[PDB]
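Source file target-v4.pdb; content: PDB, C-alpha atoms (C1' of nucleotides).
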ATOM      1  CA  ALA A   1      62.529  28.517-126.992
ATOM      2  CA  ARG A   2      65.705  30.500-127.469
ATOM      3  CA  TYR A   3      67.265  30.168-130.899
ATOM      4  CA  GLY A   4      70.709  31.040-132.162
ATOM      5  CA  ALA A   5      72.041  34.257-133.598
ATOM      6  CA  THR A   6      69.243  35.822-135.639
ATOM      7  CA  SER A   7      69.406  39.354-137.070
ATOM      8  CA  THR A   8      65.857  39.776-138.356
ATOM      9  CA  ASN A   9      62.566  41.220-137.256
ATOM     10  CA  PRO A  10      60.502  38.455-135.611
ATOM     11  CA  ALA A  11      57.314  39.843-137.149
ATOM     12  CA  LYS A  12      58.387  38.991-140.696
ATOM     13  CA  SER A  13      59.849  35.609-139.781
ATOM     14  CA  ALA A  14      58.652  32.122-138.926
ATOM     15  CA  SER A  15      60.612  29.496-137.093
ATOM     16  CA  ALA A  16      60.963  25.770-136.795
ATOM     17  CA  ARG A  17      62.957  23.368-134.733
ATOM     18  CA  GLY A  18      63.664  19.695-134.424
ATOM     19  CA  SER A  19      65.402  18.258-131.402
ATOM     20  CA  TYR A  20      66.968  14.908-130.565
ATOM     21  CA  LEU A  21      66.927  13.580-134.105
ATOM     22  CA  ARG A  22      68.852  10.473-135.078
ATOM     23  CA  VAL A  23      70.540  11.714-138.230
ATOM     24  CA  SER A  24      74.241  12.289-138.639
ATOM     25  CA  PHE A  25      75.281  15.740-137.528
ATOM     26  CA  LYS A  26      78.115  15.843-140.032
ATOM     27  CA  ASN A  27      75.913  15.269-143.052
ATOM     28  CA  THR A  28      73.067  17.378-141.760
ATOM     29  CA  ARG A  29      75.363  20.362-141.326
ATOM     30  CA  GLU A  30      76.341  20.196-144.980
ATOM     31  CA  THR A  31      72.741  19.702-146.030
ATOM     32  CA  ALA A  32      71.813  22.753-144.008
ATOM     33  CA  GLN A  33      74.603  24.978-145.236
ATOM     34  CA  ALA A  34      73.763  24.130-148.827
ATOM     35  CA  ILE A  35      70.467  26.040-148.527
ATOM     36  CA  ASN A  36      71.348  28.978-146.287
ATOM     37  CA  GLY A  37      70.265  32.249-147.859
ATOM     38  CA  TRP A  38      68.055  30.498-150.399
ATOM     39  CA  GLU A  39      64.402  30.788-151.259
ATOM     40  CA  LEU A  40      62.131  28.061-149.981
ATOM     41  CA  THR A  41      60.798  27.074-153.382
ATOM     42  CA  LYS A  42      64.202  26.620-154.961
ATOM     43  CA  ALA A  43      65.435  24.802-151.883
ATOM     44  CA  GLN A  44      62.511  22.394-151.931
ATOM     45  CA  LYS A  45      63.015  21.756-155.627
ATOM     46  CA  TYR A  46      66.700  21.144-154.937
ATOM     47  CA  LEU A  47      66.237  18.743-152.061
ATOM     48  CA  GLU A  48      63.950  16.587-154.199
ATOM     49  CA  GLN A  49      66.366  16.568-157.107
ATOM     50  CA  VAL A  50      68.878  15.258-154.595
ATOM     51  CA  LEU A  51      66.689  12.299-153.724
ATOM     52  CA  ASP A  52      66.295  11.748-157.458
ATOM     53  CA  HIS A  53      70.119  11.706-157.520
ATOM     54  CA  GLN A  54      70.519  14.970-159.381
ATOM     55  CA  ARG A  55      71.964  18.198-157.990
ATOM     56  CA  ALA A  56      74.112  16.803-155.227
ATOM     57  CA  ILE A  57      74.898  18.267-151.839
ATOM     58  CA  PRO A  58      78.416  19.700-151.448
ATOM     59  CA  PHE A  59      80.557  18.431-148.592
ATOM     60  CA  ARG A  60      82.985  21.121-147.525
ATOM     61  CA  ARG A  61      84.155  20.529-143.942
ATOM     62  CA  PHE A  62      83.297  16.891-143.231
ATOM     63  CA  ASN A  63      84.684  15.723-146.534
ATOM     64  CA  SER A  64      87.668  13.520-145.785
ATOM     65  CA  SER A  65      88.212  10.432-147.923
ATOM     66  CA  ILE A  66      84.786  10.551-149.546
ATOM     67  CA  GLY A  67      84.406  10.217-153.261
ATOM     68  CA  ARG A  68      84.286  12.714-156.025
ATOM     69  CA  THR A  69      81.627  13.481-158.585
ATOM     70  CA  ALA A  70      80.427  15.923-161.191
ATOM     71  CA  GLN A  71      77.367  17.350-159.477
ATOM     72  CA  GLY A  72      79.768  19.402-157.375
ATOM     73  CA  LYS A  73      80.808  21.539-160.309
ATOM     74  CA  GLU A  74      77.907  23.950-159.897
ATOM     75  CA  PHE A  75      79.387  24.758-156.474
ATOM     76  CA  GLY A  76      83.065  24.558-157.383
ATOM     77  CA  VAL A  77      83.832  21.608-155.165
ATOM     78  CA  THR A  78      84.574  18.135-156.452
ATOM     79  CA  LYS A  79      83.303  16.216-153.403
ATOM     80  CA  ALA A  80      79.604  15.678-152.883
ATOM     81  CA  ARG A  81      77.006  13.212-151.723
ATOM     82  CA  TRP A  82      73.251  12.615-151.586
ATOM     83  CA  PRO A  83      72.159  12.232-147.966
ATOM     84  CA  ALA A  84      68.560  11.160-147.941
ATOM     85  CA  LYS A  85      67.942  10.922-144.219
ATOM     86  CA  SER A  86      69.178  14.431-143.504
ATOM     87  CA  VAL A  87      67.354  15.792-146.526
ATOM     88  CA  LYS A  88      64.083  14.342-145.304
ATOM     89  CA  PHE A  89      64.198  15.920-141.852
ATOM     90  CA  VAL A  90      65.213  19.235-143.381
ATOM     91  CA  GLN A  91      62.288  19.051-145.792
ATOM     92  CA  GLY A  92      59.986  18.386-142.877
ATOM     93  CA  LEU A  93      61.126  21.443-141.035
ATOM     94  CA  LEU A  94      60.897  23.618-144.132
ATOM     95  CA  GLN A  95      57.308  22.442-144.463
ATOM     96  CA  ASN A  96      56.638  23.246-140.814
ATOM     97  CA  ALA A  97      58.213  26.675-141.174
ATOM     98  CA  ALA A  98      56.200  27.548-144.239
ATOM     99  CA  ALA A  99      53.066  26.466-142.419
ATOM    100  CA  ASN A 100      53.910  28.705-139.498
ATOM    101  CA  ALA A 101      54.711  31.589-141.812
ATOM    102  CA  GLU A 102      51.392  31.129-143.562
ATOM    103  CA  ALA A 103      49.534  31.106-140.259
ATOM    104  CA  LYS A 104      51.344  34.262-139.183
ATOM    105  CA  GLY A 105      50.256  35.815-142.471
ATOM    106  CA  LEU A 106      53.327  35.979-144.699
ATOM    107  CA  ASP A 107      53.716  35.452-148.427
ATOM    108  CA  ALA A 108      55.510  32.307-149.515
ATOM    109  CA  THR A 109      56.468  33.872-152.844
ATOM    110  CA  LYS A 110      59.263  35.880-151.246
ATOM    111  CA  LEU A 111      60.462  33.998-148.201
ATOM    112  CA  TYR A 112      64.074  33.014-147.797
ATOM    113  CA  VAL A 113      65.739  30.839-145.198
ATOM    114  CA  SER A 114      67.776  33.287-143.167
ATOM    115  CA  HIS A 115      69.202  31.394-140.212
ATOM    116  CA  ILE A 116      69.585  27.640-140.289
ATOM    117  CA  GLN A 117      71.854  25.711-137.990
ATOM    118  CA  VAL A 118      72.424  22.265-136.645
ATOM    119  CA  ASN A 119      73.969  21.332-133.354
ATOM    120  CA  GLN A 120      75.376  18.244-131.769
ATOM    121  CA  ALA A 121      73.086  16.310-129.491
ATOM    122  CA  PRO A 122      73.516  13.703-126.797
ATOM    123  CA  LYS A 123      74.979  10.522-128.124
ATOM    124  CA  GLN A 124      73.179   7.197-128.118
ATOM    125  CA  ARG A 125      75.457   4.335-127.210
ATOM    126  CA  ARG A 126      75.812   0.689-128.034
ATOM    127  CA  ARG A 127      78.594  -1.828-127.740
ATOM    128  CA  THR A 128      80.591  -3.371-130.494
ATOM    129  CA  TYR A 129      82.779  -6.313-129.772
ATOM    130  CA  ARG A 130      86.286  -6.552-131.148
ATOM    131  CA  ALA A 131      88.989  -9.151-131.160
ATOM    132  CA  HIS A 132      90.696 -10.378-128.034
ATOM    133  CA  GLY A 133      87.682  -9.976-125.828
ATOM    134  CA  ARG A 134      87.361  -6.242-125.724
ATOM    135  CA  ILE A 135      84.607  -3.794-126.250
ATOM    136  CA  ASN A 136      84.461  -0.491-128.007
ATOM    137  CA  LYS A 137      81.672   1.989-128.446
ATOM    138  CA  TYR A 138      79.324   2.170-131.408
ATOM    139  CA  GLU A 139      77.323   5.305-130.946
ATOM    140  CA  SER A 140      75.349   7.722-133.005
ATOM    141  CA  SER A 141      75.799  11.436-133.686
ATOM    142  CA  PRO A 142      72.321  12.911-133.232
ATOM    143  CA  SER A 143      71.475  16.446-134.155
ATOM    144  CA  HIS A 144      69.313  19.357-133.223
ATOM    145  CA  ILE A 145      68.158  21.548-136.085
ATOM    146  CA  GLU A 146      66.706  25.016-135.987
ATOM    147  CA  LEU A 147      65.515  27.070-138.848
ATOM    148  CA  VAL A 148      64.108  30.474-139.649
ATOM    149  CA  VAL A 149      62.489  31.811-142.764
ATOM    150  CA  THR A 150      61.679  35.441-143.327
ATOM    151  CA  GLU A 151      60.364  37.558-146.153
ATOM    152  CA  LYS A 152      62.698  39.578-148.329
ATOM    153  CA  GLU A 153      62.874  43.361-148.539
ATOM    154  CA  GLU A 154      65.256  45.992-149.917
TER     155      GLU A 154
ATOM    156  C1'   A B   1      87.693  36.771-154.480
ATOM    157  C1'   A B   2      84.436  32.363-151.940
ATOM    158  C1'   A B   3      85.142  27.531-149.602
ATOM    159  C1'   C B   4      88.570  25.899-145.930
ATOM    160  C1'   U B   5      91.961  26.756-141.475
ATOM    161  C1'   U B   6      92.828  29.761-137.158
ATOM    162  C1'   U B   7      91.713  33.868-133.107
ATOM    163  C1'   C B   8      87.825  36.746-130.234
ATOM    164  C1'   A B   9      82.798  37.980-128.946
ATOM    165  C1'   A B  10      77.138  37.166-128.986
ATOM    166  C1'   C B  11      73.342  33.447-129.248
ATOM    167  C1'   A B  12      72.423  28.284-129.197
ATOM    168  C1'   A B  13      74.321  23.188-128.229
ATOM    169  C1'   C B  14      77.528  18.762-125.543
ATOM    170  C1'   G B  15      78.804  18.453-120.492
ATOM    171  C1'   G B  16      77.566  19.122-115.372
ATOM    172  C1'   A B  17      82.047  22.380-112.616
ATOM    173  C1'   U B  18      81.405  26.645-109.343
ATOM    174  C1'   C B  19      78.008  29.309-105.874
ATOM    175  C1'   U B  20      74.082  28.585-102.367
ATOM    176  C1'   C B  21      71.257  24.560 -99.757
ATOM    177  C1'   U B  22      71.360  19.555 -96.802
ATOM    178  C1'   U B  23      65.769  14.672 -92.864
ATOM    179  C1'   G B  24      73.061  12.255 -94.217
ATOM    180  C1'   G B  25      78.115  11.075 -92.063
ATOM    181  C1'   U B  26      82.109  11.348 -88.680
ATOM    182  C1'   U B  27      84.230  12.608 -83.813
ATOM    183  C1'   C B  28      83.524  13.761 -78.552
ATOM    184  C1'   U B  29      80.642  13.524 -74.107
ATOM    185  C1'   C B  30      76.441  11.673 -70.686
ATOM    186  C1'   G B  31      73.209   7.722 -69.196
ATOM    187  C1'   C B  32      71.328   2.589 -69.491
ATOM    188  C1'   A B  33      72.106  -3.089 -69.617
ATOM    189  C1'   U B  34      67.760  -5.631 -72.558
ATOM    190  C1'   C B  35      68.783 -12.065 -77.464
ATOM    191  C1'   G B  36      67.683 -17.389 -77.357
ATOM    192  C1'   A B  37      64.707 -24.529 -76.539
ATOM    193  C1'   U B  38      58.381 -19.972 -73.510
ATOM    194  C1'   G B  39      62.323 -21.553 -79.772
ATOM    195  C1'   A B  40      66.857 -16.127 -81.136
ATOM    196  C1'   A B  41      69.829 -13.779 -85.160
ATOM    197  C1'   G B  42      69.449 -14.831 -90.260
ATOM    198  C1'   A B  43      66.865 -16.901 -94.603
ATOM    199  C1'   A B  44      62.753 -18.496 -98.212
ATOM    200  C1'   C B  45      57.718 -17.674 -99.597
ATOM    201  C1'   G B  46      53.450 -14.762 -99.174
ATOM    202  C1'   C B  47      50.141 -10.630 -97.770
ATOM    203  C1'   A B  48      47.487  -4.347 -99.859
ATOM    204  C1'   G B  49      40.888  -2.275-103.635
ATOM    205  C1'   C B  50      44.733  -0.578-107.470
ATOM    206  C1'   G B  51      52.642  -1.908-105.365
ATOM    207  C1'   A B  52      57.895  -3.874-108.555
ATOM    208  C1'   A B  53      60.751  -2.232-104.474
ATOM    209  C1'   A B  54      61.948  -0.021 -99.480
ATOM    210  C1'   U B  55      59.221  -0.073 -94.685
ATOM    211  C1'   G B  56      55.598  -3.257 -91.987
ATOM    212  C1'   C B  57      53.326  -7.955 -91.200
ATOM    213  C1'   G B  58      52.371 -13.560 -91.196
ATOM    214  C1'   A B  59      46.792 -17.684 -93.967
ATOM    215  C1'   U B  60      43.826 -13.215 -87.703
ATOM    216  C1'   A B  61      49.169 -11.663 -93.154
ATOM    217  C1'   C B  62      51.299  -2.544 -94.829
ATOM    218  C1'   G B  63      47.985  -6.091 -89.818
ATOM    219  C1'   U B  64      43.746  -7.966 -84.882
ATOM    220  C1'   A B  65      43.004  -6.638 -79.432
ATOM    221  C1'   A B  66      43.839  -3.070 -75.369
ATOM    222  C1'   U B  67      45.131   2.247 -73.802
ATOM    223  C1'   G B  68      45.640   7.486 -75.168
ATOM    224  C1'   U B  69      44.587  11.696 -78.328
ATOM    225  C1'   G B  70      40.104  13.025 -80.553
ATOM    226  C1'   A B  71      38.148  13.640 -87.150
ATOM    227  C1'   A B  72      40.958  11.841 -90.663
ATOM    228  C1'   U B  73      43.546   8.927 -95.195
ATOM    229  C1'   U B  74      44.651  11.288 -99.684
ATOM    230  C1'   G B  75      47.929   9.528-105.975
ATOM    231  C1'   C B  76      42.782   7.666-107.614
ATOM    232  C1'   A B  77      38.456   5.149-106.589
ATOM    233  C1'   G B  78      35.599   3.931-102.680
ATOM    234  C1'   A B  79      33.252   4.524 -98.448
ATOM    235  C1'   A B  80      31.384   8.901 -94.024
ATOM    236  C1'   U B  81      27.657  14.021 -89.530
ATOM    237  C1'   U B  82      29.859   6.783 -87.154
ATOM    238  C1'   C B  83      31.920  13.620 -86.017
ATOM    239  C1'   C B  84      28.432  16.801 -78.525
ATOM    240  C1'   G B  85      31.035   9.752 -80.333
ATOM    241  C1'   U B  86      33.039   3.466 -76.787
ATOM    242  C1'   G B  87      35.186   7.262 -81.787
ATOM    243  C1'   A B  88      38.336   8.540 -88.134
ATOM    244  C1'   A B  89      43.511   7.766 -88.619
ATOM    245  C1'   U B  90      49.925   4.415 -93.565
ATOM    246  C1'   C B  91      48.395   8.356 -85.646
ATOM    247  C1'   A B  92      51.014   7.524 -81.049
ATOM    248  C1'   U B  93      51.603   4.042 -77.034
ATOM    249  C1'   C B  94      51.688  -1.163 -76.385
ATOM    250  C1'   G B  95      50.991  -4.824 -71.200
ATOM    251  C1'   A B  96      46.697  -9.146 -74.833
ATOM    252  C1'   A B  97      46.893 -12.748 -79.234
ATOM    253  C1'   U B  98      48.290 -14.679 -84.064
ATOM    254  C1'   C B  99      53.154 -15.654 -85.389
ATOM    255  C1'   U B 100      53.269 -19.992 -92.783
ATOM    256  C1'   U B 101      58.171 -23.383 -94.406
ATOM    257  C1'   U B 102      62.546 -22.853 -91.697
ATOM    258  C1'   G B 103      66.907 -22.092 -88.913
ATOM    259  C1'   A B 104      70.893 -23.743 -82.479
ATOM    260  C1'   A B 105      66.371 -26.620 -84.966
ATOM    261  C1'   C B 106      64.239 -31.033 -81.910
ATOM    262  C1'   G B 107      60.527 -38.068 -85.404
ATOM    263  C1'   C B 108      64.047 -39.755 -89.693
ATOM    264  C1'   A B 109      65.680 -37.059 -93.976
ATOM    265  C1'   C B 110      66.486 -32.884 -97.349
ATOM    266  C1'   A B 111      69.785 -31.178-104.525
ATOM    267  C1'   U B 112      63.138 -34.747-101.973
ATOM    268  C1'   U B 113      57.646 -29.197-100.429
ATOM    269  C1'   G B 114      60.306 -37.214 -99.399
ATOM    270  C1'   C B 115      59.129 -41.227 -95.502
ATOM    271  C1'   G B 116      57.226 -42.695 -90.792
ATOM    272  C1'   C B 117      55.432 -44.281 -85.454
ATOM    273  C1'   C B 118      51.946 -43.062 -80.855
ATOM    274  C1'   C B 119      47.161 -41.005 -78.478
ATOM    275  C1'   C B 120      42.106 -38.838 -79.054
ATOM    276  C1'   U B 121      38.338 -37.929 -82.619
ATOM    277  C1'   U B 122      35.270 -37.967 -87.649
ATOM    278  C1'   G B 123      33.956 -40.506 -92.181
ATOM    279  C1'   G B 124      34.102 -44.778 -95.369
ATOM    280  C1'   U B 125      30.663 -51.924 -93.321
ATOM    281  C1'   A B 126      36.637 -51.170 -90.019
ATOM    282  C1'   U B 127      41.127 -53.036 -82.988
ATOM    283  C1'   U B 128      44.143 -54.430 -88.483
ATOM    284  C1'   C B 129      43.104 -50.682 -94.711
ATOM    285  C1'   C B 130      42.404 -45.316 -96.572
ATOM    286  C1'   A B 131      41.547 -40.139 -95.707
ATOM    287  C1'   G B 132      40.750 -35.602 -92.661
ATOM    288  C1'   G B 133      41.445 -32.721 -87.846
ATOM    289  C1'   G B 134      43.964 -31.858 -83.201
ATOM    290  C1'   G B 135      48.169 -33.200 -79.999
ATOM    291  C1'   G B 136      52.941 -35.644 -79.586
ATOM    292  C1'   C B 137      58.024 -38.619 -80.812
ATOM    293  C1'   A B 138      65.799 -35.235 -80.601
ATOM    294  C1'   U B 139      70.428 -35.609 -77.788
ATOM    295  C1'   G B 140      73.745 -34.911 -73.475
ATOM    296  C1'   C B 141      73.231 -33.945 -68.106
ATOM    297  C1'   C B 142      70.865 -33.224 -62.817
ATOM    298  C1'   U B 143      67.141 -34.413 -58.815
ATOM    299  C1'   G B 144      63.293 -37.724 -57.792
ATOM    300  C1'   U B 145      59.855 -41.880 -59.197
ATOM    301  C1'   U B 146      58.857 -46.706 -61.665
ATOM    302  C1'   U B 147      60.554 -51.351 -63.697
ATOM    303  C1'   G B 148      64.813 -54.273 -63.571
ATOM    304  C1'   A B 149      70.119 -56.813 -64.282
ATOM    305  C1'   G B 150      74.297 -58.659 -61.735
ATOM    306  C1'   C B 151      76.893 -65.861 -56.830
ATOM    307  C1'   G B 152      79.174 -57.706 -56.518
ATOM    308  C1'   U B 153      76.837 -58.940 -51.854
ATOM    309  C1'   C B 154      74.085 -59.566 -46.604
ATOM    310  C1'   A B 155      70.496 -62.132 -43.624
ATOM    311  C1'   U B 156      66.538 -65.894 -43.400
TER     312        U B 156
END
Re-express the file's structure as structure tokens.
Amino acid sequence: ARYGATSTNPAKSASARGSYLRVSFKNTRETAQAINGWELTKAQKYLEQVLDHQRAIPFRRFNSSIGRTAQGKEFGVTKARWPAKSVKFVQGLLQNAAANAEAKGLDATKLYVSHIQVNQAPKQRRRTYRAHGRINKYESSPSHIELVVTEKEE
RNA sequence: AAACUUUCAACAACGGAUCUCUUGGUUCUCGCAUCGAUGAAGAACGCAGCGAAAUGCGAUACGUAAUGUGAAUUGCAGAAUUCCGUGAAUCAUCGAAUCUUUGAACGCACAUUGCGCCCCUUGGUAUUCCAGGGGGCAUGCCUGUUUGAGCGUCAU
């Protein structure tokens, strides 16, 4: 598998990937960018706080018309949300990546998530039926995710 | 200052253009004349050791016979020197057969798997009732035969 733009030594890094997932790309991108450059332990504590409805996720690009809150203040923004489905897939891949890093022989105490990205995936289509006997699409926004952890140095 | 917005590049994505290929098409030319009541074309249904199709076939059902070549089929299983043989094969050829219900469609009828009549035979105590099996029952027209009708008409 060929991953995105990664400036690290592959020997001190461990990778994970999830393709053709049925989460929303727009929320998953925010969920992923909220943990880029972080340590795995703090990220995994954060993503559970989210599900407990503390320490929200900031929405920065895909943020139109959503509501405001006060768990954005630790990031500066005033728009945030708590996307459980995206969080759960991301937690799964973090788990997988830590497993792979362990098996390659790296120390979990000082790993950080270096390169994380999501992509768009092929849509999945259904019909919805509007007034006056016409159809319109009702389709999902699936996502690929790819993720790299690596151990810190100077 | 970050986020955000925009521009470029790398990598990855959506998407499937371009390039190359092509058991297909189209056009031209040459040759041939070969459907059907001896039941056509078409249709329905069904058939394989495991197939829904396409292709093939018809209760002898991806086929039987005959002829030729001469050792395969193959997705799997199952058979196997039968392989110096009357002989493998989703082979080729094809002259013998089968060819369900249909259909011009032919006992009558059909939105029915409806209802009959005749002959021979078998069974049930059975020229008469029931069942099975086989074979028959259309119309128009022609030739001939057989039986007839008519003070139309001839002779005795």
Per residue of chain B within 7 Å of chain A, record the nearest atom pair and its distance in Å to one decimal, counting all atoms listed in the file, with rows in chain order and ascending residue number, as JSON lines.
{"residue": "B:11", "atom": "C1'", "partner": "A:4", "partner_atom": "CA", "distance": 4.6}
{"residue": "B:12", "atom": "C1'", "partner": "A:4", "partner_atom": "CA", "distance": 4.4}
{"residue": "B:13", "atom": "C1'", "partner": "A:119", "partner_atom": "CA", "distance": 5.5}
{"residue": "B:14", "atom": "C1'", "partner": "A:121", "partner_atom": "CA", "distance": 6.4}
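Matched in the shown structure by the PyMOL selection byres ((chain A and resi 37) around 7): residues 35, 36, 38, 39, 112, 113 and 114 of chain A.
This file, queried with the PyMOL selection byres ((chain B and resi 60) around 10), gives the residues residues 58, 59, 61, 63, 64, 97, 98 and 99 of chain B.
As for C1' of residue 56 in chain B and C1' of residue 90 in chain B, they are spaced 9.7 Å apart.
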Can you list what the PyMOL selection byres ((chain B and resi 137) around 8) grabs from this structure, as an MDAnalysis selection string? chainID B and resid 107 117:118 136
If we count all atoms listed in the file and set the cut-off at 12 Å, which residues sit around residue 42 in chain B, ignoring sequence neighbours fewer than 2 positions away in its own chain? Please answer as a ChimeraX atom specification. /B:40,44,102-104
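Between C1' of residue 69 in chain B and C1' of residue 48 in chain B lies a distance of 27.0 Å.
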Do you know which residues are at most 8 Å from residue 69 in chain A counting only C-alpha atoms (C1' of nucleotides), after dropping those on the same chain fewer than 5 positions away, and could you put them as a PyMOL selection string? chain A and resi 78-80
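The neighbours of residue 91 in chain A here are the residues that come within 8 Å of it, using all atoms listed in the file and leaving out any residue fewer than 3 positions away in the same chain; they are residues 44, 47, 87, 88, 94 and 95 of chain A.
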In terms of the shortest atom-to-atom distance over all atoms listed in the file, which of A:9, A:49, A:24, A:41 is closest to residue 124 in chain A? A:24
Give, as JSON, the centre coordinates and the x, y and z edge lengths in Å to one decimal for an axis-aligned box around all listed atoms of range 68-86 of chain B, padded by 4 Å on each side.
{"center_x": 37.8, "center_y": 10.1, "center_z": -91.4, "size_x": 28.3, "size_y": 21.3, "size_z": 40.4}
